[PDB]
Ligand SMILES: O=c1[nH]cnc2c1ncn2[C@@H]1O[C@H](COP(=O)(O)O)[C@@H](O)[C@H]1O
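Shown here is one chain on its own, the form solved without ligand IMP, set out as structure tokens.
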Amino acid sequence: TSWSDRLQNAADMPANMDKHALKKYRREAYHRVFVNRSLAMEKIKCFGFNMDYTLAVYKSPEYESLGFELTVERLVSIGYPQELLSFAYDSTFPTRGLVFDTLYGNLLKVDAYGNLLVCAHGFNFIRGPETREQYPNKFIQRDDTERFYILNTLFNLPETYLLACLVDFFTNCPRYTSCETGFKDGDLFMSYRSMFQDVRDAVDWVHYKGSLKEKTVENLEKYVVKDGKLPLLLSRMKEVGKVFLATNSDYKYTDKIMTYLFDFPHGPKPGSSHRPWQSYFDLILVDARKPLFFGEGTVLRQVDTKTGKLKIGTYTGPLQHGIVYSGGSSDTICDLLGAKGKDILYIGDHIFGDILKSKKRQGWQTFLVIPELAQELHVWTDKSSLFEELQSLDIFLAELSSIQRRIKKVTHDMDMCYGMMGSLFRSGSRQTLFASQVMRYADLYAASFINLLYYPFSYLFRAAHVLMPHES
């Protein structure tokens, strides 16, 4: 059972909009919206979306596996060894939000301070004492962006696994000699940095020049979660405010995917006339180039929706019915919709490019979709005895080293329930960078934005006020 199996199972159920049923449903963690800061929904005047991994949630592990295969094939076609063709995607290895250290070729799971929680070199998980040669303070400067790359999105899952596959391969293939910063093959030296760059380039290439989009659109039922409740929720949002789309994808791809998401023999409700996906938006903007979108952005262009090409010139006109925009900036949305930032709830899956940036640069209110939560919540509840034991052990230890061996063991067994790289949100009792960023920048979060359907228009989402230690 993947997290997308969980999402599609809930997608298959029609909405029971009876008030009491809705209240009952949203008690379950799976259908809940979680609250980091209080938010009065009555004050939201605009609902903003992105498409990829928010409206269009790609099925797992099929879509990751497709991306992986195509990226591998691209590396082989540019000269990587034939053995890469024996690799096969393994969904049990990667967790999202890991950091690739391009100097030493390690995948690192870190906390908000850059402290090391896990370190894997290829598939070798390096124990604490042995990480000290390379990380003498068990720490990285995680904003040293020339050295460290943060794998934030679900699109980064294939490369997360591939990086580990490649380090493992070169390490164990006697044609190469392993060095601290890369591999020697006679008079050729491949640094981990250059290897990483090749992987990144190949992933970009697969998406923008290769066959990934074409292979996705030829089998949308295999690759994309589909939910009759989507048009219902968007139609309801439009009854109380404005609705917009700001996507990094292009118009041709957006139109294919969105047409699929709205392809039912009805509109918002069974029995209602089907309506084109575009009719659900007051403003549609493609090629957004987030995160630059939230600063200077790019020139505002108009899409010719017949051809899918941009009209020539910068668009200087007003918001009009049927127009589709390309590029621009977050100021375009505000200006054209007559909104200030706090009037907007932006619904994103990219912790950096959607959530952190809209919050910090523009003061937008935020909703983070975290698809893996659909399955992490099941693990959390099913294995809760392990976390609770860990908690008791931490308490007992603090109440002034056999206990320390036990803490490592329980931490490991708990973490393995999630995958080889553990929970998205923690390793044992230590929170991840990703968890910290979710708490700090996402006002609301959930396994799916669909969970807003279970709360009324006027709902006041509440979080407890925070007190400093000296105020308690």
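We number the residues from 1 along the sequence you see.
Extent of unmodelled deposited sequence, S401 relative to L400
Per the record, 4 to 9 deposited residues are absent between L400 and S401.
Check the entry's C-alpha temperature factors for 416 to 424 and 49 to 57, then say which stretch has the higher mean.
The deposited B-factors put 416 to 424 ahead on the C-alpha mean.
Take the C-alpha B-factors listed in the entry for 20 to 28 and for 455 to 463, compute each mean, and give the stretch with the larger one.
It is 20 to 28.
Top Cα B factor in the deposited entry, candidates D111, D255, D101, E146
In this record, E146 carries the highest C-alpha B-factor of the candidates.
Using only the C-alpha B-factors in the record, can you name which of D354, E73, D263, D382 has the highest?
Among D354, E73, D263, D382, the highest C-alpha B-factor in the entry belongs to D382.
Sort the modelled residues of this chain by their C-alpha B factor and say whether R440 lands in the lowest, middle or highest third.
Tercile = lowest for this residue's CA B-factor.
Would the CA B-factor of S65 place it in the lowest, middle or highest third of its chain?
For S65, whose C-alpha B-factor we compare with every modelled residue in the chain, the answer is the lowest third.
Divide the modelled residues of the chain into thirds by Cα B-factor and specify which third, lowest, middle or highest, holds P94.
Answer is lowest: the recorded C-alpha B-factor places it there.
Taking only the Cα B-factors deposited for this chain, tell me whether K290 sits in the lowest, middle or highest third.
Bottom third by C-alpha B-factor.
CA B-factor ranking of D343, expressed as a third of its chain:
It falls in the middle third of the chain.
Keep in mind the form deposited with ligand IMP bound is missing from the figure; the text below concerns it.
Clash verdict for ligand IMP in the entry with it bound, overlaid onto the shown chain (3 or more atoms within 2.4 angstroms of backbone or C-beta)
Judged by the transferred pose of ligand IMP in the entry with it bound, this form is open (no ligand atom within 2.4 Å of backbone or C-beta).
Within 4.5 Å, heavy atoms only, one stretch in 164 to 172, 273 to 281, 200 to 208, 68 to 76 touches ligand IMP in the entry with it bound. Which?
After filtering at 4.5 Å, what remains is 200 to 208.
Proximity to ligand IMP in the entry with it bound, single hit among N248, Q362, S329, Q302 (heavy atom within 4.5 Å)
Result of the distance check: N248.
Report the residue, out of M51, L424, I44, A29, that has at least one non-hydrogen atom within 4.5 angstroms of ligand IMP in the entry with it bound.
Of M51, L424, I44, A29, the residue with a heavy atom within 4.5 Å of ligand IMP in the entry with it bound is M51.
Is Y223 close enough to touch ligand IMP in the entry with it bound, meaning at least one heavy atom pair within 4.5 Å?
No - in the entry with it bound, heavy atoms of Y223 and ligand IMP never come within 4.5 Å of each other.
Any non-hydrogen atom of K290 within 4.5 angstroms of ligand IMP in the entry with it bound
Yes, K290 is a contact residue.
Proximity of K213 to ligand IMP in the entry with it bound, heavy atoms at 4.5 Å
Within the cut-off, so yes.
Please determine whether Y104 contacts ligand IMP in the entry with it bound, using a 4.5 Å cut-off between heavy atoms.
No, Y104 stays farther than 4.5 Å from ligand IMP in the entry with it bound.
Which residues within 326 to 353 place at least one heavy atom within 4.5 Å of ligand IMP in the entry with it bound?
The stretch touches the partner through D349 alone.
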